[PDB]
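Colleague: File follows, input35.cif with mmCIF, C-alpha atoms:
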```
data_start
loop_
_atom_site.label_atom_id
_atom_site.label_comp_id
_atom_site.auth_asym_id
_atom_site.auth_seq_id
_atom_site.Cartn_x
_atom_site.Cartn_y
_atom_site.Cartn_z
CA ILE F 75 12.31 52.72 26.20
CA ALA F 76 14.31 50.73 23.65
CA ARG F 77 16.19 48.89 26.40
CA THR F 78 13.26 47.93 28.63
CA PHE F 79 10.24 47.39 26.38
CA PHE F 80 11.32 47.17 22.77
CA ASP F 81 12.94 44.31 20.87
CA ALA F 82 16.27 44.36 19.09
CA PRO F 83 16.15 44.77 15.29
CA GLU F 84 18.43 41.74 14.89
CA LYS F 85 16.00 39.60 16.88
CA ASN F 86 13.09 40.62 14.65
CA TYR F 87 15.23 40.09 11.53
CA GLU F 88 16.30 36.55 12.41
CA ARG F 89 12.85 35.68 13.78
CA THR F 90 11.29 36.76 10.48
CA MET F 91 13.85 34.64 8.61
CA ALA F 92 12.93 31.57 10.70
CA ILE F 93 9.20 32.17 10.14
CA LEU F 94 9.72 32.57 6.38
CA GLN F 95 11.72 29.34 6.15
CA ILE F 96 9.06 27.35 8.03
CA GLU F 97 6.20 28.74 5.95
CA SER F 98 7.99 28.20 2.63
CA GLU F 99 8.62 24.58 3.65
CA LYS F 100 4.93 24.18 4.50
CA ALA F 101 3.81 25.65 1.16
CA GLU F 102 6.15 23.40 -0.82
CA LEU F 103 4.90 20.35 1.11
CA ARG F 104 1.28 21.32 0.38
CA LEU F 105 1.96 21.61 -3.35
CA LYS F 106 3.82 18.28 -3.38
CA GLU F 107 0.91 16.62 -1.56
CA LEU F 108 -1.51 17.95 -4.18
CA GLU F 109 0.64 16.59 -7.02
CA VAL F 110 1.05 13.21 -5.28
CA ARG F 111 -2.71 12.93 -4.74
CA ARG F 112 -3.39 13.69 -8.41
CA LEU F 113 -0.86 11.11 -9.60
CA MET F 114 -2.12 8.40 -7.22
CA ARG F 115 -5.71 9.00 -8.33
CA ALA F 116 -4.73 8.84 -12.00
CA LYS F 117 -2.47 5.77 -11.90
CA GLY F 118 -3.61 3.78 -8.86
CA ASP F 119 -0.19 2.25 -8.13
CA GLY F 120 0.37 3.97 -4.78
CA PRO F 121 -0.65 3.25 -1.19
CA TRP F 122 -3.68 5.56 -1.48
CA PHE F 123 -6.97 5.03 -3.36
CA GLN F 124 -6.65 1.25 -3.02
CA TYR F 125 -10.25 0.20 -3.49
CA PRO F 126 -10.71 -3.41 -2.35
CA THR F 127 -11.01 -6.46 -4.56
CA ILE F 128 -11.98 -10.09 -3.96
CA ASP F 129 -9.56 -11.83 -1.60
CA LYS F 130 -8.04 -14.91 -3.24
CA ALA F 131 -7.72 -16.85 0.04
CA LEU F 132 -11.38 -17.89 -0.38
CA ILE F 133 -10.86 -20.04 -3.49
CA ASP F 134 -11.27 -23.79 -3.00
CA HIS F 135 -8.38 -25.76 -4.50
CA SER F 136 -9.36 -29.35 -3.66
CA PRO F 137 -10.49 -31.64 -6.51
CA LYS F 138 -14.17 -31.29 -7.34
CA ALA F 139 -16.79 -33.80 -8.48
CA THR F 140 -16.13 -32.96 -12.15
CA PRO F 141 -12.67 -32.94 -13.78
CA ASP F 142 -13.39 -30.06 -16.19
CA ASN F 143 -12.83 -27.07 -13.91
CA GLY N 115 -10.05 -66.79 -8.40
CA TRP N 116 -11.84 -63.45 -8.07
CA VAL N 117 -12.77 -62.00 -4.67
CA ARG N 118 -15.30 -59.19 -4.41
CA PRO N 119 -14.34 -56.10 -2.39
CA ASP N 120 -15.79 -55.43 1.04
CA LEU N 121 -17.49 -52.21 2.16
CA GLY N 122 -15.45 -49.05 1.76
CA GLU N 123 -12.70 -50.71 -0.28
CA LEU N 124 -13.74 -49.33 -3.67
CA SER N 125 -14.17 -45.85 -2.15
CA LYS N 126 -10.53 -45.67 -1.01
CA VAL N 127 -8.12 -43.09 -2.40
CA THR N 128 -5.30 -44.95 -4.12
CA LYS N 129 -1.95 -43.97 -5.63
CA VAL N 130 -1.01 -44.21 -9.31
CA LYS N 131 2.44 -44.72 -10.84
CA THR N 132 2.41 -43.07 -14.26
CA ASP N 133 5.06 -41.90 -16.72
CA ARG N 134 3.34 -38.92 -18.34
CA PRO N 135 4.66 -35.64 -16.89
CA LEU N 136 2.65 -33.38 -14.63
CA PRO N 137 1.00 -30.40 -16.38
CA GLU N 138 2.92 -27.41 -15.05
CA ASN N 139 0.24 -24.94 -16.22
CA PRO N 140 -3.09 -26.71 -16.75
CA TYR N 141 -5.30 -23.61 -16.51
CA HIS N 142 -3.44 -21.92 -19.42
CA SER N 143 -3.01 -18.87 -17.19
CA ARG N 144 -0.91 -15.93 -18.33
CA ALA N 145 1.43 -13.71 -16.30
CA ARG N 146 0.00 -12.19 -13.14
CA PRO N 147 0.18 -8.41 -12.59
CA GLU N 148 3.02 -7.15 -10.44
CA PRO N 149 2.02 -6.15 -6.90
CA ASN N 150 2.33 -2.61 -5.61
CA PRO N 151 5.41 -1.68 -3.56
CA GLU N 152 4.81 -2.13 0.15
CA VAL N 153 5.63 0.02 3.18
CA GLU N 154 9.26 0.19 4.31
CA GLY N 155 11.02 2.19 6.99
CA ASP N 156 10.30 3.57 10.43
CA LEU N 157 7.50 6.06 11.00
CA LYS N 158 8.56 9.68 11.56
CA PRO N 159 6.51 12.66 12.79
CA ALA N 160 4.89 14.94 10.26
CA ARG N 161 6.88 17.94 9.09
CA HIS N 162 5.39 21.06 10.72
CA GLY N 163 2.37 19.15 11.95
CA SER N 164 -0.90 18.99 10.06
CA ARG N 165 -0.14 21.78 7.54
CA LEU N 166 -3.86 22.61 7.57
CA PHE N 167 -4.29 26.39 7.09
CA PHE N 168 -2.92 28.25 10.14
CA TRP N 169 -2.54 25.30 12.52
CA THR N 170 1.05 24.84 13.67
CA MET N 171 0.41 21.28 14.88
#
```
Could the structure of this file be written out as structure tokens, please?

Modeller:
Amino acid sequence: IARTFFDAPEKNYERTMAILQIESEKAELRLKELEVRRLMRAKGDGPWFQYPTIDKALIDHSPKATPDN
Amino acid sequence: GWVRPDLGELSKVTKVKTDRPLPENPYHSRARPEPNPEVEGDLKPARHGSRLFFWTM
């Protein structure tokens, strides 16, 4: 029975170790993503939460009809 | 000895030789804010996929 159907205890041991490593990595990445999102929302210096502003390529630079501008 | 200008002569854009220096900052503008850091580096796949609940991709 243990030879045909069942799995070796070493296989289950090392498989559980692999699963635990992957899931701990995922949990740490989730917590880091939460902290990054909070910091980017608070400070606004990152690539996220970049609300748009007025593009400065629209400003006319040629001399106008009045000098005082 | 004066000759009056023709049509379009007084509307020409001319050039002026002056000695006063050019105003380097005529708008009295102050220092501009520093831009955000941009994107650098090649794109790599996400570590363990989406990491959304139980999904392994």

Colleague: At most 10 Å is the cut-off: for each residue in chain N with any atom that close to an atom of chain F, write down the nearest atom pair and the distance in Å rounded to one decimal, counting all atoms listed in the file, chain first then increasing number, as a Markdown table.

Modeller:
```
| residue | atom | partner | partner_atom | distance |
| --- | --- | --- | --- | --- |
| N:141 | CA | F:143 | CA | 8.7 |
| N:149 | CA | F:119 | CA | 8.8 |
| N:150 | CA | F:119 | CA | 6.0 |
| N:151 | CA | F:120 | CA | 7.7 |
| N:152 | CA | F:121 | CA | 7.8 |
| N:153 | CA | F:121 | CA | 8.3 |
| N:161 | CA | F:100 | CA | 8.0 |
| N:162 | CA | F:100 | CA | 7.0 |
| N:163 | CA | F:100 | CA | 9.3 |
| N:164 | CA | F:100 | CA | 9.6 |
| N:165 | CA | F:100 | CA | 6.4 |
| N:166 | CA | F:104 | CA | 8.9 |
| N:167 | CA | F:100 | CA | 9.8 |
| N:170 | CA | F:100 | CA | 10.0 |
```

Colleague: Identify, on the basis of all atoms listed in the file, every residue whose closest approach to residue 123 (chain F) does not exceed 12 Å; exclude the query and any residue fewer than 3 positions from it along the same chain; express the result as a JSON list (two decimals) with C-alpha atoms, keeping the file's coordinate frame.

Modeller:
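Result file is part18.json:
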```json
[["chain", "number", "residue", "atom", "x", "y", "z"],
["F", 110, "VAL", "CA", 1.05, 13.21, -5.28],
["F", 111, "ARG", "CA", -2.71, 12.93, -4.74],
["F", 112, "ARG", "CA", -3.39, 13.69, -8.41],
["F", 113, "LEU", "CA", -0.86, 11.11, -9.60],
["F", 114, "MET", "CA", -2.12, 8.40, -7.22],
["F", 115, "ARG", "CA", -5.71, 9.00, -8.33],
["F", 116, "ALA", "CA", -4.73, 8.84, -12.00],
["F", 117, "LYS", "CA", -2.47, 5.77, -11.90],
["F", 118, "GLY", "CA", -3.61, 3.78, -8.86],
["F", 119, "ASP", "CA", -0.19, 2.25, -8.13],
["F", 120, "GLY", "CA", 0.37, 3.97, -4.78],
["F", 126, "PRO", "CA", -10.71, -3.41, -2.35]]
```

Colleague: Could you check how far CA of residue 108 (chain F) sits from CA of residue 159 (chain N), in Å to one decimal?

Modeller: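 Value for the CA of residue 108 (chain F)-CA of residue 159 (chain N) distance: 19.5 Å.
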
Colleague: Pick from F:89, F:122, F:141, F:130: nearest to residue 107 (chain F), with all atoms listed in the file counted?

Modeller: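 Looking only at the distances to residue 107 (chain F), the closest residue turns out to be F:122.
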
Colleague: Which value, in Å to one decimal, gives the distance between CA of residue 168 (chain N) and CA of residue 94 (chain F)?

Modeller: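 Result for CA of residue 168 (chain N) versus CA of residue 94 (chain F): 13.9 Å, one decimal.
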
Colleague: How many Å separate CA of residue 130 (chain N) from CA of residue 135 (chain F)?

Modeller: 20.4 Å
